[PDB]
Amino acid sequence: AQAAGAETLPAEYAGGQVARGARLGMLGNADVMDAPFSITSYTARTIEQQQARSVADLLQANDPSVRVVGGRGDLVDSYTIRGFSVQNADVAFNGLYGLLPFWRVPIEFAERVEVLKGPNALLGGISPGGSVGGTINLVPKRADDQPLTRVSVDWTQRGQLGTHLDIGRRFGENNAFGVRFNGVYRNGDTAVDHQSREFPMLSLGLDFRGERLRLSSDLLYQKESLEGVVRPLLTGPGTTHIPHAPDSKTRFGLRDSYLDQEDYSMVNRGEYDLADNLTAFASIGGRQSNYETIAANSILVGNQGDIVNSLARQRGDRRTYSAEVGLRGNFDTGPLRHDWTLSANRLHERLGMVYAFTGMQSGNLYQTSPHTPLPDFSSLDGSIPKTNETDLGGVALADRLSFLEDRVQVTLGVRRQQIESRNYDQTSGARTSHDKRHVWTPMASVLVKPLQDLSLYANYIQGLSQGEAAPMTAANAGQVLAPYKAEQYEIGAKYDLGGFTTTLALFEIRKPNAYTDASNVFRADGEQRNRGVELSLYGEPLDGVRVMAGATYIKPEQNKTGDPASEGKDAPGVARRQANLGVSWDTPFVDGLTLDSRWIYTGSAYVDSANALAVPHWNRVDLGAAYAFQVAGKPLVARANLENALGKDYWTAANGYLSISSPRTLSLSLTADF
């Protein structure tokens, strides 16, 4: 069947650090040179080589277009992509939303971590968090035919001890069935003052390989428990400048904070080839997410480095269902080949989320905080009441027209997207809001291959975000606005020299934003207009020398505000320049030895809409090494990764707050295949 390849895992590219292709949502997997989008897919090889544990670890080290807000000391990572914030809750799982750990995705069970840059509502529907900067997609591990019995042990500053089992088996006639299990247990003191972390994780990738039938089921369990929670530093009404970043080992937030975050999910997927030119597919999954924390956000007071920590307890019970069904077919109209996809999806979520802010405790950026009182938060004990219900569902039809022996490709699609949410007050249980909307959202793209190894492309595509509720201060307080429609135009070029590829892209993304005006009326009358250029090179351009290099330049314009002080200024939290350079070098002179280095750069950015508060540019250097050897006939690999090797301390800017950098962090690991 022609559509039977939609879920086929893309081959690794030269060097094995990235893959040749990635998911285009409802369209399934596309080769990089057939994709009229900027897509990058990082491999398990890279994940294991750099000892990346989370999406954030991997993406900020390697990708010129992804920067992380929060960080591994915090309970939550978020990602900025093409000048827009992308929630970790909007990370996709084989294209499906709502099924991965809500605050921080671990990737030690991942075969691929893909980045599709820019919005993609036509391809995937709306994301639960409304993100539009890009879609990160995780592809889970599957069992290969040759059995895998892999064990590794690892140490990470200051005392985190870990073990990782990666076991794969196939069985049944013709290895029709596969089982891949990943188990991680990592526990101990982190690199940050007075912080410890416990991390159990279990995953099973199950699949069935049949003549006209393909099935899979993914089960995931994970918990992250932190003693000590790093949190944002907020700007105050009279902040005049951003103080110099403290030592990243210092922890200036709530000393006796804690996080207990548990997620588990199951997702079953299938395809069935009804004919040579018709394939049915369906997915159904669910996720439970349990959230418990007491922590404090730091607020600048004065400008000498004093802070006040604002304490809170938060509790969450989130229950998500996420499903898709559809058909993929193909036919011809003369010289046109049609490859069409009809897809429908549905996400349904029930959330209980209670919180109480109590306590304001003085501190200082440059002092690890002392033990301070924890307020009585017992009124949140017991059952967590329902506070929100979300229902997203859509139907999409897309057609890829192939002309002139597939050297010209035109893709058209439209999706009808339904959005519905209901909110209930955490104390009274009163129904505070019921938002219900539908929107149509289209795409158009064209790709031309003048050379076999040169692809030129353009796309138009939209992003969708649920409208915001007006703050309980404005004239229309509580009213939640119409959905925000972001719009992207992109053009680019991709050139595949065989062992390495160079890409270029120019994009614009326009998105409405909401502010309270002079009439204290909350309206969606603002607009952000991000215009950017992206360049990258990746591959193995010399034998035994792999290179991933990229840079981006963006003008992130607040091109419509209700304010002259901010009109035309830069969106906060969006550096105009970012670049990454990674080199991995198989030394010709030591057998089995590989040396890695990375340089991450982020230019100056602002925290405020008026741009009166700039944060400096920053640089991070990583050093790595891998040593492959044999003992008793079995392969072993010893690894070392030194993140932030120079021990630089820096702020990452966001809109209204800053996240402190993670300190210099060595991890060491030994892996054996039995």
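Throughout, we count residues from 1 along the sequence that is shown.
The stretch with the higher mean CA B factor, choosing between 471-479 and 139-147, is 471-479. The PDB entry reports B-factors from which the mean C-alpha value can be compared for 252-260 and 329-337; the larger average falls on 329-337. Reading the B-factor column for the CA atoms of 116, 542, 444, 201 in the entry, the top value corresponds to 542. Annotation for 99, 410, 86, 590: 590 ranks highest, by Cα B-factor. Compared with the other modelled residues of the chain, the Cα B-factor recorded for residue 1 ranks in the highest third. The PDB entry assigns residue 647 a C-alpha temperature factor belonging to the lowest third of its chain's modelled residues. Placement of the Cα temperature factor of residue 170 within the chain: highest third of the modelled residues, per the deposited record.
The deposited CA B-factor of residue 70 belongs to the lowest third of values across its chain. For residue 640, the recorded CA temperature factor ranks within the middle third of the chain's modelled residues.
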